[PDB]
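J.: Based on what follows, work out the 3D shape:
(2 chains, ligands or ions: 4)
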Amino acid sequence: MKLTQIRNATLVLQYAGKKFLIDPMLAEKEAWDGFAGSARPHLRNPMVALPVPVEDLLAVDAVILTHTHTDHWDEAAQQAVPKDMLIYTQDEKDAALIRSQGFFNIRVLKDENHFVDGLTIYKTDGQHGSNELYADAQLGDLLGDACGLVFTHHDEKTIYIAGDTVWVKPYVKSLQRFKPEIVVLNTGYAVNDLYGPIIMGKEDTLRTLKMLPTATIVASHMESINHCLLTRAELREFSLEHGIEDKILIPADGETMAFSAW
Amino acid sequence: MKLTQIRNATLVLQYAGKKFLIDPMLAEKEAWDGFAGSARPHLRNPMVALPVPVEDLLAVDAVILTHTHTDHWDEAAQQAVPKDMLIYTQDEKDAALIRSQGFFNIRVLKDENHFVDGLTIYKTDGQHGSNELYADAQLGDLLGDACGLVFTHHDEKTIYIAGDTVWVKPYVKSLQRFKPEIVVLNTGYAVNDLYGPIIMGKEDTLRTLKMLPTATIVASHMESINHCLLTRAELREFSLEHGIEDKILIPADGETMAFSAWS
Ligand SMILES: [Zn+2]
Ligand SMILES: [Zn+2]
Ligand SMILES: [Zn+2]
Ligand SMILES: [Zn+2]
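T.: Numbers count the residues shown, from 1 in each chain, chains lettered A, B, ... in the order given. Ligands and ions are numbered 1, 2, ... in the order given. Shown next is the structure:
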């Protein structure tokens, strides 16, 4: 069991024999523009370069795509990844636009996804914006859906990749139901101009340990996209103030993290 | 259809040749006598009496409970509804509770409930509170889960009882998916002291109709318990203001509305 932080929410995961590339964003440093209608629009994306070359990321059994925002799936990854690569997608909408980009080996993943060997991937709901944001029609379609992944196995520990979501009840029900020993949160604190936080921040790391004390949080989706304000040093400082230093890991780009089972 | 507003979220729904009683609150006017030792016990609930006798309410094929909050399922209803009645519950814990209160003919609503007759009943996920409220683990369990209900059938228009939820995207996706001609909202505007509104209000009437302008809104869950701060008169005054007065139905207690697909 080896979870590795690449850049933003791009992750490499070894889990029960198989390997997964989660949300591959592989543009060069400052290739495309900053997000309009968000914080720090002057900063170009991505802010940081990749910690390792592209060929190392392609050596993977399947790509998993939580949603099709540009920081999770860019023009570079469309060019770079083979069209016969096994892409897991959130829904038919996502699969349809990936199909029109030239890809064809696609499995639209669903609430429960079982493998004979004992692997089980679950697809969990979130909310990529505030209750106020989704009252708007236009911004609703733009922020859209963005799932979280729960990987279960008998030989391995349960890990929960929560995805681009703010604190909503479906996140709470997912923690209670799956009781995950490891939790990966997108803790960038990305600010929309007129509706505020579209994903989690520092406070959501406290809230989750209050909800699930035995869990160990891995903070991702940070220092990469222009609107993500919450830096690594600030979260690390927030850890110390609440007495939760060893329970919050803040991996650097390229940092592999290992977790045993029994 | 024939939807009858009873009082609060209590209503009877004649749909596809079958009658249901959704969320029965059957206590008399100001009759909730639950007491431990309060110095200033509020004796306002229920604010209004039943507009019809209890006998008329029970002439029904099954009861449907969105959740077990007292304003949807009180002790009076737990006594008055017979134990051999078919009760449809939201999930396993509410079924267990209802079963341990003497009832034995209980069923749990799945996410989809396709019956051979052609009637389909979809269970919806809401949020009974703000995002902040559910960060509190104590108030998470207290407000808990509370499901919406869609009813689907040919020969009949599609109706969505949203239930005790504030505006979250699972509510928006339900309007986008099922596309109901009738959306029944719980517009009490009950508010938590520090964490803001716990159910829908006047604002949520307009935001739906912008999303789905064909639809007709039936207002409900108000002027029954004192904690619901929205008045009949205020919502009508709000509807006249934004030019939607004849699309916002605000029925009296006991009023029945007909909704036919053909005639
Ligand atoms: Zn996103
Ligand atoms: Zn993102
Ligand atoms: Zn309630
Ligand atoms: Zn209620």
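J.: So the closest residue to ligand 4 within chain A versus residue B:165, what's the distance?
T.: Per CB to the ion, residue A:169 is where chain A lies closest to ligand 4, at 16.4 Å. (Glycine included, C-beta is placed from N, CA and C.) Distance, residue A:169 to residue B:165, using CB to CB, to the nearest Å: 10 Å.
J.: what touches both of the two?
T.: Here residue A:169 and residue B:165 have residue B:127 as joint contacts, going by CB atoms under 8 Å, 6 or more residues apart in numbering or on different chains.
J.: The residue of chain A closest to ligand 4 and chain B, how far apart?
T.: For residue A:169, the distance to chain B (CB to the nearest CB, to the nearest Å) stands at 5 Å.
J.: now the strands for the stretch 51-200 of chain A?
T.: With DSSP state E, counting those that start in this stretch applied, the stretch 51-200 of chain A shows strands at A:62-65, A:87-89, A:106-108, A:112-114, A:120-124, A:148-152, A:159-161, A:182-186, A:191-192, A:196-197, listed in chain order.
J.: Of all the ones you listed, which one is nearest ligand 1?
T.: Shortest distance between ligand 1 and the strands of the stretch 51-200 of chain A, using CB to the ion, is found for strand A:182-186: 8.1 Å.
J.: So what angle separates the directions of the closest one and strand A:148-152?
T.: On the basis of axes from the mean of the first three to the mean of the last three CA atoms, to 10 degrees, strand A:182-186 is oriented at 160 degrees to strand A:148-152.
J.: Which secondary structure elements does strand A:182-186 sit against?
T.: Packing partners of strand A:182-186 (3 or more CB pairs under 8 Å, 6 or more residues apart in numbering or on different chains; DSSP states H and E): strand A:159-161, helix A:203-211, strand A:216-220.
J.: and that strand with ligand 2, contact?
T.: No. Strand A:182-186 stays clear of ligand 2 (CB under 5 Å from the ion), getting no nearer than 6.3 Å.
J.: wait, does that strand make contact with ligand 1?
T.: No. Strand A:182-186 is not in contact with ligand 1 by CB under 5 Å from the ion; minimum separation 8.1 Å.
J.: which residues are contacting that strand?
T.: A:3, A:9, A:11, A:157-165, A:175, A:199-200, A:204-205, A:208, A:212, A:215-221, A:259.
J.: Also stretch A:67-76?
T.: A:8-10, A:23-28, A:31-32, A:45-46, A:65-66, A:90, A:94, A:97-98, A:128, A:144-147, A:163-164, A:224-225.
J.: give me the subset of those touching ligand 1.
T.: Applying CB under 5 Å from the ion to the contacts of stretch A:67-76, those adjacent to ligand 1 are residue A:164.
J.: May I have the beta-bridge partners of the residue nearest to residue A:39 when sequence neighbours are not counted?
T.: What sits nearest to residue A:39 in space, not counting adjacent residues and going by CB to CB, 6 or more residues apart in numbering or on different chains, is residue A:191, at 4.0 Å. Under the criterion DSSP bridges, residue A:191 forms beta bridges with residue A:197.
J.: Return the residues in contact with residue A:191.
T.: By CB under 8 Å, 6+ apart, the contact set of residue A:191 is A:38, A:39, A:197, A:198, A:227, A:229.
J.: With residue A:136 instead?
T.: residue A:195 are the contacts of residue A:136 under CB under 8 Å, 6+ apart.
J.: Same check on the one 10 residues further on?
T.: For residue A:146, the contacting residues are A:66, A:67, A:69, A:90, A:126, A:128, A:163, A:164, A:165, taking CB under 8 Å, 6+ apart as the criterion.
J.: Please list only the buried members of the residues you listed.
T.: A:66, A:67, A:69, A:90, A:126, A:128, A:163, A:164, A:165 (16 or more other CB atoms under 10 Å in any protein chain shown).
J.: Inside helices: which ones of those residues?
T.: Among the buried ones among the contacts of residue A:146, no member falls in helices (DSSP state H).
J.: For the residue of the stretch 151-262 of chain A found nearest ligand 1, which non-adjacent residue is closest in space?
T.: Nearest residue of the stretch 151-262 of chain A to ligand 1, counting by CB to the ion: residue A:164, 3.7 Å away. In space, and not counting its chain neighbours, residue A:164 is closest to residue A:146: 4.2 Å by CB to CB, 6+ apart.
J.: And residue A:178, by the same measure?
T.: That would be residue A:150: by CB to CB, 6+ apart, it lies 5.1 Å from residue A:178.
J.: and residue A:179, what does it touch?
T.: Counting by CB under 8 Å, 6+ apart, residue A:179 touches A:158, A:212.
J.: Burial check on the closest residue to ligand 3 within the stretch 101-250 of chain A, number of neighbours?
T.: At 13.8 Å from ligand 3, residue A:169 is the closest residue in the stretch 101-250 of chain A, using CB to the ion. For residue A:169, the count of nearby residues is 24 (other CB atoms under 10 Å in any protein chain shown).
J.: And residue A:158, by the same measure?
T.: Neighbours of residue A:158 (other CB under 10 Å): 18.
J.: right, and it touches residue A:152 too?
T.: Yes. The pair residue A:158 and residue A:152 passes the contact test of CB atoms under 8 Å, sitting 5.3 Å apart.
J.: Now do residue A:12: how many residues are near it, please.
T.: Residue A:12: 21 surrounding residues under other CB under 10 Å.
J.: typed the wrong thing, it's residue A:253
T.: Counted with other CB under 10 Å, residue A:253 comes out at 17.
J.: and what of residue A:141?
T.: For residue A:141, the neighbour count with other CB under 10 Å is 9.
J.: one step back: now do the contacts for the residue of the stretch 101-250 of chain A closest to ligand 3.
T.: By CB under 8 Å, 6+ apart, the neighbours of residue A:169 are B:125, B:127, B:134, B:140, B:168.
J.: what do you get for residue A:34?
T.: Residue A:34 touches A:40, A:41, A:42, A:43, A:44, A:45, A:226, A:227, counting by CB under 8 Å, 6+ apart.
J.: of the residues you listed, buried ones?
T.: Buried members of those, counted by 16+ other CB under 10 Å: A:43, A:45, A:226, A:227.
J.: check those against ligand 3, which are close?
T.: Answer for the buried ones among the contacts of residue A:34 near ligand 3: none qualify (CB under 5 Å from the ion).
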